[PDB]
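Proteins get letters first, then strands, A, B, ... in listed order; numbering begins at 1 in each. Below, each value reflects all heavy atoms present in this structure, side chains not excepted, and no hydrogens, waters or symmetry copies.
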Amino acid sequence: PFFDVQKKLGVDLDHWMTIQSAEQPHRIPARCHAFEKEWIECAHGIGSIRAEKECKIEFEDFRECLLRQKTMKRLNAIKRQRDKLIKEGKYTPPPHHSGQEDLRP
Amino acid sequence: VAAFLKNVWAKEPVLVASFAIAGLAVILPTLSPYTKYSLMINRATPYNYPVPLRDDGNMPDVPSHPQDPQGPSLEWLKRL
Amino acid sequence: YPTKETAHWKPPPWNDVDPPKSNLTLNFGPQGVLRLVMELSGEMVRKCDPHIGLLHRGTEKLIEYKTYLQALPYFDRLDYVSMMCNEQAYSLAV
Amino acid sequence: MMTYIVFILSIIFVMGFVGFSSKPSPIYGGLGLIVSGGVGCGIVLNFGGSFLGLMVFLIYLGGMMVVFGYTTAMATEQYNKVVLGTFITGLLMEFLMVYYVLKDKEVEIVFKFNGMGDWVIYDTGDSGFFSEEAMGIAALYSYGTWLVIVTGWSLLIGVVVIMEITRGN
Amino acid sequence: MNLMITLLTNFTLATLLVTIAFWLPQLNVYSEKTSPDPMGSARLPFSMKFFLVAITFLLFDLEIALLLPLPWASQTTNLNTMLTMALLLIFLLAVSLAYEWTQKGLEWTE
Amino acid sequence: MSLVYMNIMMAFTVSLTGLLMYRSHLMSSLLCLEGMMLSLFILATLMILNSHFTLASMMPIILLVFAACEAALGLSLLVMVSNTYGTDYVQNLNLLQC
Amino acid sequence: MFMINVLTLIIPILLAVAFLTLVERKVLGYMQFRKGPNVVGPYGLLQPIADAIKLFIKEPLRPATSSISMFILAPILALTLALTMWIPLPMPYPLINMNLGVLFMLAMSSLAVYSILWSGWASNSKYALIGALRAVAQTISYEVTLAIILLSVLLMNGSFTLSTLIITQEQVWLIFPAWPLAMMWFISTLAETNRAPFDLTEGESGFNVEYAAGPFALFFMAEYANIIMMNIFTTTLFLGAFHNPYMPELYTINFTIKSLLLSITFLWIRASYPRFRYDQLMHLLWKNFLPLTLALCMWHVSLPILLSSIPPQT
Amino acid sequence: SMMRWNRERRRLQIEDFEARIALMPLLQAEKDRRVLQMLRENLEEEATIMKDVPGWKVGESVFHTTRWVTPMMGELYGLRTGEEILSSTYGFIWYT
Amino acid sequence: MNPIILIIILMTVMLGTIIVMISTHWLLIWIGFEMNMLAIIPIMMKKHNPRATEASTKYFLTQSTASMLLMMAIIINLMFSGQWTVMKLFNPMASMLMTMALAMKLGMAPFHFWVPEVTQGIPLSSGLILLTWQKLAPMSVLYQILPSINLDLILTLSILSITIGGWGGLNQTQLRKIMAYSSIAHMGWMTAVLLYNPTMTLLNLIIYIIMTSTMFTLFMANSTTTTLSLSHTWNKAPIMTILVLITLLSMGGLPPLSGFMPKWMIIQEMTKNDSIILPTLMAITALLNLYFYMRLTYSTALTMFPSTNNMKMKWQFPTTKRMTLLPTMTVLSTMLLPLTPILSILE
Amino acid sequence: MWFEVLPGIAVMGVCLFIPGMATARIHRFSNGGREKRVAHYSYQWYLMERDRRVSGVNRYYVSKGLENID
Ligand SMILES: CCCCCCCCCCCCCCCCCC(=O)OC[C@H](COP(=O)([O-])OCC[N+](C)(C)C)OC(=O)CCCCCCCCCCCCCCCCC
Ligand SMILES: CCCCCCCCCCCCCCCCCC(=O)OC[C@H](COP(=O)(O)OCCN)OC(=O)CCCCCCCCCCCCCCCCC
Ligand SMILES: CCCCCCCCCCCCCCCCCC(=O)OC[C@H](COP(=O)(O)OCCN)OC(=O)CCCCCCCCCCCCCCCCC
Ligand SMILES: CCCCCCCCCCCCCCCCCC(=O)OC[C@H](COP(=O)(O)OCCN)OC(=O)CCCCCCCCCCCCCCCCC
Ligand SMILES: CCCCCCCCCCCCCCCCCC(=O)OC[C@H](COP(=O)(O)OCCN)OC(=O)CCCCCCCCCCCCCCCCC
Ligand SMILES: CCCCCCCCCCC1=C(C)C(=O)C(OC)=C(OC)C1=O
C-alpha cells in the first residue's frame, strides 16, 4: 500500500532528494546529470516493464557514468600494456607525460 | 497577570529572561522593516555565472551590456 | 509434548513477573583526623558513622597521677585552638 | 603509495573492524571502533567531506562513543583463543583481498572491483566560492523541511522514550 | 598533508614524552615494593542518574548536530522556511529540556 | 567498481558477522551494530561526495542522528538488563524459552 | 620549513605551560597575602624547571592496571589533543588554515573526555572510576553549551573559519553584541578544564591519582595547555584584535596581552570562590545556562534576519 | 555595529563575486583548451601504445551516446606522473 | 504510563507506519521504520518486568539488524541507480538484502526466532500491536518492490514460514506463542502470492488482522494468556467460548468462514500461474495450524474443563473492560465469505 | 610586591608571542615576501594552480604581470 498522499495533497515531502537531476542549491549539477535526465525522459510514463527493455541503452550509459567500470577497465588495459612495453623496452613516455613541458595556461 | 510576572521575576529570573528573549526572537522578524532586505541581499549575491540569453529580437528588459540602464540595480544596497 | 530436552521447563508466572533476585559503603579513612563510614544511596547520605579515637591519648587518666598545676597544661591540648579558655575552665573548677 | 592513501586508510578501517568484531572485551571493542571511526573519517575527509568528517568526530566519536564507553564503564567489573583466532583470520582474509586486487588490478568478491587507486574517478572542475557538501547540508533548512520535522519529532520522542523505559515504574 | 605532518609530530612528541615519563625513573633501582580505597571490595554500584545525564547529552548532541549547518543555512533564499525550521529545532531542544525538567529527570544532578 | 567501496562493504560484512555471532556481552553486540552504522555512513558519504549529488549530503547526518538515537535506546535496554542480572550477558536473557 | 613552524608552535606551548604554573603560584600567592616562589630561581624563575626534574625522576607508583594499553594511551591522547587544538588558531595566521577550524576545535575538545575515561578505567580503584565518570559527565554536560554558544556566535561570523573571525571584529569587539554568550562561554570553558569553582577532582580523589608522577605531569601540562588554548580561543572569539596585514606582530602582541589577562582571570577566579557541589553545577548547566543558551540561540538566529545583517559566507 | 559592518561585508562579497564572474569566460576558455590538450595527448600516446593489442579501437568511447562527457580524473592524468596526479587530485583537500 | 505520553507514543507508532506508507524516498522509509521501532519499545515495556525487558531487547536487536540491512540495500541501490525512488531495486544484491530485512521485520522464517519469544514477553495489547500493526509497513515496502523481488527467495521464505509456523504451534500451551506461530504461518501465506497477485496479499493481510485482533480482543476481554485459563471461560462467560470457537475455526480456513477466503483466493491465483504442487503443499501444511486451533476449541468451547470455587465470586461482577469493536470484528472474521468479491476494492 | 609576578608573566607572554610571529615570518619567507595564499574554496585553488602554471617556475607566488605579455 503506497498511499500516494503527496500527489493527492500536492505537497513535496521527499521528491526533491529523490533524483540527482532535481533542483539543487546554487544550481550545482551532479556528475551524471545529463545521463540521468536522458534515462528518466526515456523511461517516463511507459511503465517499468517496457522501461527495462526500451530504455536499456540510456540506463547502461548512466550506470557507466555512475560507476565508470568500463572507463576504469579501459584505463587498466592501457596502463597495463604501457607498463608491459616499458618492461619490454619498446616504449618511452613523451616529455609531456614525464613533467618537463610547462603546462598550458 | 502582573503579580505572576513580579513573582516569577523574583523567584526564577533566568527563566523569565529565557522566555522573554525567546518570545522576542519569535515575534520580532515578523515586525521588522529590515527582514525584506535579508531576502533581497541573499538573492543579490551572485554565486553563479549569469548565463546570458540568446537575443531573439524582443527582450527590452534584458540588457546587452552590464553598464546598460535596464536590468536589476543595487543602489538600494549601496544606500540602505 | 515434553521430551527429554524440555523436561526442566517450568511454566511462566501467572502475572509474567519474575523475582528480581544494595547501597554503597565508603570508608573515608584517616588517609584533625577522622574516620567515617558512609552508607550512601547515590548522592544521598543514608548513614554517617564517625569512628573516632584516632587522637585518644588517655589525657584524663594521665591527669589522675599529676598535681593540679601539673595537670593544667593538658587543657591547652584538648581544644588546641582554644587554649586559654580551657585553662580558664580548669582554673575555675579548681 | 601516496596516490593510494585512501585505499590504505580503508585497509586500516577493515582491520579496525576486525579489532572489535572479534570482541575481546567491550572496552577494547570500543577502542577499536574509535580508531575505526577516526580512519573512516579520514577516508571521508580525503574526498572533500569536511563537515561530514567532523560529524564523525564530534557526533559519532565525541558524542556517541563517549556514551558507549561511559555505559561500558558502569558495567564489566575491572580486574582469548577465540578472539586471537578470529582476529588473525580476518587479518589474513583482508590481506589476501589486498594481494589479489593488487597483483591482478581486478577482484570479484560479490561485485567486480578495480585495482587502481580510487583517485581516478574524481571530478576535474571547481565548485567556485562554496563547498557543494556544505551547501547541500545547509539546504536541510530550506529544502529539507519534512526531514527536519520527522527528525526533531524522533529526537523528542527519543527523550520521552528513554525517560519512560529507564524509570522502571 | 601539512595536517598529517602536524598530527604525526604531535603524536610523536606525546609518545616520546610518555615513553620518557615511563622509563626515566625505571633506570633507578629504588626498591621492590610489596604494599599489601573507600570501598573495601564491594562491586561498583550502578547509578541510574549518571546514565540518564549521559543519554541526555547524547540526545541534545544529536539536536546540536542538526543545529550545526545554521551559519550556512542563513545564506539561503528561502529565509522564511529556514527561520521557521531553525526556531523549530531550537524549540524542540527546549521542549526536550522541559520534559526532562518536569518529569524529575534533572534531579540530584540537576 | 571503486576499490575503496570493496573495503567499506567488507567492513560492513565483518561487523555484520560480529553482530551475528555473539560471545557474551550485549555491549559488544551494540558495538558491532554501530560499526555497521559507521560503515553505512562512510559508504553513503563516499558515494554522495563522489557523485556531486548535493542534496543527499544531508542524508548521512540524518543516517547518523536517527541511528545514534537508536543506539541510545539500545544502551537503555542494556542498562535495564544490567539492572536485573548485574551483568549484560546474553545468556541471562533466556526466560522466554518457555 | 613547515616542520620548523610546527616546532615553533609546539615547543613554546610547552614553555608557556611550564611558566603558567609559576605565574599561578605567584598570583595566587599575592592574592593570598603571601608571596609565591622566589627562592629557587631569581623571582622563582627556576621553580618549573626544578619541579619538572623532580617529577621526572620521582619513583613510579607501579600500580596494577586493568589495561596497560589504555594506561599508556590516556596521556598520549591527552597530550596529542592538547597540542592539536592550537594548529587552527589564527594568531594572526593559523598553522593549519582550515575552513572548519571552529568545528575542528569543537570535535577535538569533544574527544578529550576519553583521557579521563580511559585513565579512570585503567585505575583499579572503583572510587577513581566513579570520580572519572563524574568528571566525564561534567565535561560532556558543558560541551553542550560550548557547541550552542559557539554556534550562536558564528551566526555573526558566517562560517566556521577561525581566520574570518578577525574580519568579523574589525569595527567592534564581538563581546559587545554577545556578552551574555561571552559570560556563559567563559564559565563553560572554566567548567570544561576542571577548573575552580568546578574542580571536583580535588574535592573530597580524581581520575589520574593512579599514574606515576611523570604521566601525572603530562596530564597536568595537557590540562594547562587546554587552559591557555581556551583562553586564546575566547580572545579570538570575543575580544578580537586589530590586524595590519603588513605588521602581523601588532595582532600577535594584542591577542597575547588579552589571552594573558584572561588566563590570569582564570587564576584570579580560583583564588576567590568556593567549589560547587556536583549537583549544583549540574543545576548551573541544565537549568540555568542551557535555557538562556537556547533563548539566545533563537535570538542570534533570528537577529541577523530582522536587522538585515547576515554575514557573508566567504 | 554588526549591522553596518555585515552589510558592508556583503557588498564586498558581491564585489569579489563579480570579479570572479568577469574572469570566468577566460578561465573557461583556458580550461576547455587545457582538457582538450590533455585528451589529445592521451589519444596520441594511446595510438602509439595500443598497436599490438588485438581488436583495439583507439579513442573508442565507452558511452553509446555521442554527447560530450566531462572527462574523468584518470582519463586526463592516467598516463602522466604520480606527482602531477597528487597535485591535481588531492592538493586542494590537503592544502593547509 | 501517563495517558498523554501513551497517546503521543501510539501516534508516533502510527506516524512511523504512515511515513513508510506514503513516502517516495528510501531514507524516509528507513526513517519510518526507525520511528516505529523507537516508539514501540515502551509499549512493550509497559509493565516493567524482566520478561518485557528481555522481549524488548530481542525485538530491538532483530529490528536493528533488519534496519541496517535495509539501509545497506538502499545504499547499494544508490550505487547502481544514483537515485532514491521507492520502486524496484536496480541490483539483485540490494533486492536480496531488502527481502532479508523485510523478512526479519515481519519475522518470517528462518528469521522467525524472535516472534514467539517477544510476543510471550509483552502484554496482550502490545502483542496485538506487534502482530497486526507492525506487519503493515514491511508489507507495503514488499508491495512496492515486487518487480525486483527474487521468486525463489520469497517462495522459500513463504514455505519455510508456513511449515515452521505450522509445527511450532503444535507444542504450545501459551496463547501468545500460539498467536505468534499463527502469525509466522500467515505471513508465509501472504508472501507466497506476492509476486503472483499482490491484491490477494492485501486481502490475506486484512483478513488476518481482523481475525488476530478478534482473538487478542477475546484474550484481553477474558484476561487469558494460557490454554488452561482460557478453559475456565465457559463457567465465567459462556458467550466468549462461542466467539473463540467460531474465530479459531475461521483462522484455520474452514469454510464457510472468512479465513477460508484468503487462502482459497491464494490458491486461485497460484494455479493461474501454473503452480499446482506449491499451493497444494501449502494447504496441506495449513492443517497443522488448524490442528492446534482445534486443540484450543476442544479445551475451550466443545468441552468443559473443571473450574475452581473462587469463580463463584467472579459470577457477581460483569466485565467492565472496553471490548472495542469485538462484535464487529467477530462478525467480520466469520460471516464474510458471501462477500468474497469485495476484494476488488483492494485492487 | 605585585611586580614580582611580572617576570614569569613576561616569560610566558614571550612564549605566547613566539608562534604567531614565527608563522607570519615563515609564511612571508615561503611565499615570496607575502602572505600565504588562502584557498578555502576550489575557485581560489583553481586560480592558485593557474598561477603555479603561468609562473613557469612551478611556484604560484612568482607573480607575472604586464611584462609577460607583449
Ligand atoms: C569572555 C570574557 C569574560 C566574560 C565575562 C566573565 C568574567 C566574570 C566572571 C566572574 C566569576 C564567575 C565565577 C563562576 C560563577 C558561577 C555562578 C554563576 O554566576 O551562575 C550563573 C547564574 C545562575 O543563577 P543563580 O544560581 O545565581 O540563581 C539561582 C538560580 N535558581 C533560581 C534557578 C535556583 O546566572 C546565570 O545563569 C546568568 C548567566 C548570564 C545571563 C545573561 C542575561 C543577559 C540579559 C538578558 C535579558 C534580561 C533583561 C530582561 C528582558 C529584557 C528584554 C529587552
Ligand atoms: C514562546 C517562545 C518560545 C518558548 C519556548 C522556548 C524557551 C527557551 C528556554 C527553554 C527552557 C526549557 C525549560 C523550561 C521549563 C519550564 C518549566 C519549569 O521549569 O517549571 C518548574 C519551575 C519551578 O522550579 P523547580 O521545579 O523547583 O525546578 C528547580 C529549579 N527551582 O517553574 C518555574 O520556574 C516557572 C517558570 C514558568 C514561567 C515563566 C514565565 C516567563 C515570562 C517571560 C516573559 C513573557 C514571555 C512569553 C513567552 C511565552 C511564555 C509562556
Ligand atoms: C623564551 C625565554 C624563556 C626563558 C626561560 C628561563 C628564564 C630564567 C632563566 C634563568 C635566569 C638566571 C638564573 C641563574 C640561577 C643561578 C645560577 C648560579 O649562579 O648558580 C650557582 C651554582 C654554584 O656556583 P658556585 O661557583 O658554587 O658559587 C659560589 C660562588 N662563590 O652553580 C650552578 O648551579 C651551576 C651553573 C648553573 C647555571 C644555570 C642557569 C640557569 C639555566 C636556565 C636554563 C634555561 C634558560 C632559557 C633557555 C632558552 C633561552 C636561551
Ligand atoms: C589510540 C590511537 C591514538 C590516539 C592519539 C592520536 C589520535 C587523536 C588525535 C588526532 C586526531 C586526528 C584528526 C584527523 C582529522 C582532523 C579533521 C580534519 O582533517 O579537519 C581539517 C580540515 C577540514 O577543513 P577544510 O579546510 O574544509 O579542509 C581543507 C580544504 N581546503 O581537513 C583537512 O585539512 C584535510 C587534510 C587531509 C585529511 C587528513 C586525514 C588524517 C588521517 C586520518 C585520521 C588518522 C587518525 C585516526 C585516529 C583518530 C582518533 C581515533
Ligand atoms: C491496506 C491496509 C492499510 C491499513 C488499514 C488499517 C489497518 C488497521 C490495523 C489496526 C491494528 C490495531 C492494533 C491495536 C490497537 C492499537 C492500540 C492498542 O493496542 O490498544 C489496546 C488498548 C490498550 O489499553 P491497556 O490499558 O494498555 O490494555 C491492557 C489492559 N490492562 O486497549 C485494550 O487493551 C482494550 C481491548 C480492546 C482493544 C482492541 C482494539 C482493536 C482495534 C483494531 C480493530 C481491527 C482493525 C480494523 C479493521 C480492519 C481494517 C483493515
Ligand atoms: C616536557 C616537560 C615540560 C615540563 C613539565 C610541565 C611543567 C612543570 C609543571 C610542574 C608542576 C607544578 C609547578 C605544580 O605546582 C603541580 O602541582 C599542582 C604540578 O602537577 C603535579 C606540576 O606538574
Side-chain angles (χ1 to χ4, degrees), chain D residues 16 19-20 24-38 57 60-79, chain E residues 10-11 14-15 17-19 21-22 44 50 54 57, chain F residues 25 27-28 31 34, chain G residues 60-61 63-84 107-140 143 192-194 201 205-212 214-223 225-226:
Chain D
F20 70 94
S25 181
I27 305 165
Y28 293 101
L31 183 273
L33 182 53
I34 289 161
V35 174
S36 303
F57 281 129
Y60 184 84
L61 293 181
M64 190 189 77
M65 291 302 296
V66 175
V67 181
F68 273 89
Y70 193 86
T71 309
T72 312
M74 301 187 75
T76 180
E77 182 183 2
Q78 55 189 358
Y79 293 159
Chain E
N10 292 321
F11 181 78
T15 306
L17 289 178
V18 164
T19 304
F22 275 107
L44 184 67
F50 289 160
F57 165 65
Chain F
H25 288 88
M27 186 65 75
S28 296
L31 289 173
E34 299 300 320
Chain G
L61 191 61
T65 61
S66 298
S67 179
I68 297 97
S69 67
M70 289 179 181
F71 189 76
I72 301 298
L73 285 174
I76 295 172
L77 183 68
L79 287 170
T80 306
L81 293 175
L83 292 172
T84 55
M108 297 301 108
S109 69
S110 69
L111 291 177
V113 296
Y114 293 111
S115 66
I116 303 170
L117 183 62
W118 294 347
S119 68
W121 186 71
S123 65
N124 283 326
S125 181
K126 299 293 190 291
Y127 187 77
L129 183 59
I130 290 169
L133 293 170
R134 294 166 75 89
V136 169
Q138 173 179 358
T139 306
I140 66 174
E143 286 177 359
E192 281 286 324
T193 58
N194 291 317
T201 60
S205 181
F207 55 90
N208 53 4
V209 300
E210 188 259 346
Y211 282 81
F216 190 80
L218 294 176
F219 283 116
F220 188 80
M221 72 187 298
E223 181 177 0
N226 289 320

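You'll find the side chain of G/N124 stays beyond 4.5 Å of the side chain of D/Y79, heavy atoms only. Side-chain atoms of G/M108 and G/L111, non-hydrogen and from C-beta on, do get closer than 4.5 Å to each other. Two residues are said to be in side-chain contact when any heavy atoms from C-beta on lie closer than 4.5 Å; G/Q138 and G/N194 meet this criterion. Put simply, the side chain of G/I116 does not reach to within 4.5 Å of the side chain of G/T201, judged on heavy atoms. Counting heavy atoms from C-beta outward, D/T72 and F/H25 have side chains that stay 4.5 Å or more apart. At least one side-chain heavy atom of D/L31 sits under 4.5 Å from a side-chain heavy atom of G/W118. D/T76 places none of its side-chain heavy atoms less than 4.5 Å from the side chain of F/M27. Counting heavy atoms from C-beta on, the side chains of E/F57 and G/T139 never come closer than 4.5 Å.
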* To do: Report the C-alpha separation of G/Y114 and G/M70 in whole Å, then their side-chain angles, then the decisive distance to 0.1 Å, and conclude whether the side chain to side chain contact (heavy atoms under 4.5 Å, CB included) test is met.
  => CA-CA 10 Å; G/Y114 293 111; G/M70 289 179 181; over 6 Å; no

Full working for side chain to side chain contact (heavy atoms under 4.5 Å, CB included) between G/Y211 and G/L61: CA-CA 7 Å; G/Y211 282 81; G/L61 191 61; over 6 Å; no

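Nearest heavy-atom pair, G/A128 versus G/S123, reported as atom, atom and distance to 0.1 Å: CB-OG, 3.3 Å. Scanning all heavy atoms of the two residues, the minimum distance from D/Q78 to G/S125 falls at NE2-O, 3.1 Å. Heavy atoms only, all atoms of each residue included: D/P26 and F/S28 are closest at CG-OG, 3.6 Å. Looking at every heavy atom in both residues, D/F20 comes nearest to D/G29 through CB-O, 3.3 Å. Considering all non-hydrogen atoms of both residues, E/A54 and D/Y70 come closest at CB-CD2, 3.7 Å.
Distance check, rounded to the nearest 0.5 Å: CG of G/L117 to CZ of G/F207 gives 11.0 Å. For the atom pair CD1 of D/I34 and CE of D/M65, the computed distance is 5.0 Å after rounding to the nearest 0.5 Å. Once rounded to the nearest 0.5 Å, the distance linking OG of D/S36 with CG of F/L31 reads 10.5 Å. Annotation: the span from G/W121 atom CH2 to G/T65 atom OG1 amounts to 8.5 Å, rounded to 0.5 Å. Here the CG atom belonging to E/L44 is positioned 6.5 Å from the CE atom belonging to D/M74, to the nearest 0.5 angstrom.
Side-chain contact annotation: G/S69 with G/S67, donor-acceptor N/O pair under 3.5 Å present.
Between G/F71 and E/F22, the ring center distance clears the sub-6.0 Å criterion.
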Which pairs of donor and acceptor atoms, one on a side chain in residues 75-83 of chain G, lie under 3.5 Å apart (sequence neighbours left out)?
{"unit_1": "G/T80", "atom_1": "OG1", "unit_2": "G/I76", "atom_2": "O", "d": "2.6"}

